[PDB]
Every structure is written in C-alpha cells, then in structure tokens.
Amino acid sequence: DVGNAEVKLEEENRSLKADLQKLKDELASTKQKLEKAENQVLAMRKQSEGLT
Amino acid sequence: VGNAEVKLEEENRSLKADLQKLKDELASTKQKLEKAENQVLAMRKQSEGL
C-alpha cells in the first residue's frame with residue numbers, strides 16, 4: 001500500500017533527521033576538541049624547546 | 001502530492017547517505033583526537049623527567 005510505505009518512510013525520515021542532528025553536534029564538538037589537542041601539542045613543543 | 005512517495009524515497013536515500021558519511025567522519029575525527037591526546041600524555045612524561 002502507498003499509505004503504508006509513506007508512513008514507514010516518514011517515520012524513518014524523522015528518526016534519521018534526529019540521528020543526523022546528533023551526529024552533526026558530536027562532529028562539531030569532536031573537531032573543536034581535536035583542534036584544541038593539536039594546539040596543545042604545538043604549545044608544548046614550543047615550551048619544551050624554550051626550556052631545552 | 002503526485003510526487004509524494006518518490007520525494008519521500010529521495011529524502012530517505014539522502015538522509016541515509018548523509019548518516020553514513022557523518023558516522024565515518026565522526027569515527028575518523030575521534031581516532032585523531034585519541035592520538036593527539038595520547039601525544040599530549042607522552043609529552044607530559046618526557047617533560048616530567050627533564
């Protein structure tokens with residue numbers, strides 16, 4: 001039935017959009033954390049070179 | 001209205017493809033984060049002795 005297929009797709013689509021928003025938020029945060037960690041590595045390199 | 005079902009199928013395909021890509025980018029970024037944090041810890045140790 002067209003009605004059944006449509007309802008199933010609408011349900012999947014609502015569920016996928018919520019999963020997508022979650023993953024988008026998690027990605028943005030993880031990327032920000034990676035940038036921080038990499039800049040930590042660089043700051044420590046300079047501090048370890050300014051000491052040694 | 002006539003296009004209702006195919007548009008839903010198209011959206012569905014679009015979302016599923018985006019979902020897989022984001023899961024892939026997330027796992028890759030998480031792995032890089034783990035490596036960088038581990039570099040920080042390794043460098044903390046070498047800095048400790050000196």
# chains A, B, ... in the order shown; residues from 1 in each chain; ligands from 1
$ interface_residues --of "chain B" --to "chain A" --cutoff "8 Å" --atoms "only C-alpha atoms" --output "PyMOL selection string"
chain B and resi 5+8-9+11-12+15-16+18-19+22-23+25-26+29-30+32-33+36-37+39-40+43+47
$ write_last_selection --atoms "C-alpha atoms" --output "PDB file, in the first residue's frame"
ATOM      1  CA  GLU B   5       6.114   8.906  -2.319  1.00  0.00           C
ATOM      2  CA  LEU B   8       9.954  10.588   0.471  1.00  0.00           C
ATOM      3  CA  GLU B   9      12.122   7.868  -1.082  1.00  0.00           C
ATOM      4  CA  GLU B  11      14.737  12.170   1.110  1.00  0.00           C
ATOM      5  CA  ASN B  12      15.192   8.762   2.689  1.00  0.00           C
ATOM      6  CA  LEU B  15      19.428  11.042   4.832  1.00  0.00           C
ATOM      7  CA  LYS B  16      20.846   7.505   4.875  1.00  0.00           C
ATOM      8  CA  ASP B  18      24.405  11.641   4.968  1.00  0.00           C
ATOM      9  CA  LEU B  19      24.142   9.456   8.077  1.00  0.00           C
ATOM     10  CA  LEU B  22      28.784  11.624   9.305  1.00  0.00           C
ATOM     11  CA  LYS B  23      29.345   8.336  11.160  1.00  0.00           C
ATOM     12  CA  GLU B  25      33.751  11.490   9.689  1.00  0.00           C
ATOM     13  CA  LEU B  26      32.984  11.134  13.408  1.00  0.00           C
ATOM     14  CA  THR B  29      37.873  12.528  13.960  1.00  0.00           C
ATOM     15  CA  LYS B  30      37.507  10.622  17.273  1.00  0.00           C
ATOM     16  CA  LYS B  32      42.641  11.551  15.550  1.00  0.00           C
ATOM     17  CA  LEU B  33      41.552  13.093  18.867  1.00  0.00           C
ATOM     18  CA  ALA B  36      46.580  13.801  19.813  1.00  0.00           C
ATOM     19  CA  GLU B  37      45.547  13.384  23.446  1.00  0.00           C
ATOM     20  CA  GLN B  39      50.736  12.658  22.220  1.00  0.00           C
ATOM     21  CA  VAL B  40      49.957  15.136  24.989  1.00  0.00           C
ATOM     22  CA  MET B  43      54.990  14.566  26.030  1.00  0.00           C
ATOM     23  CA  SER B  47      58.753  16.713  30.172  1.00  0.00           C
TER      24      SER B  47
END
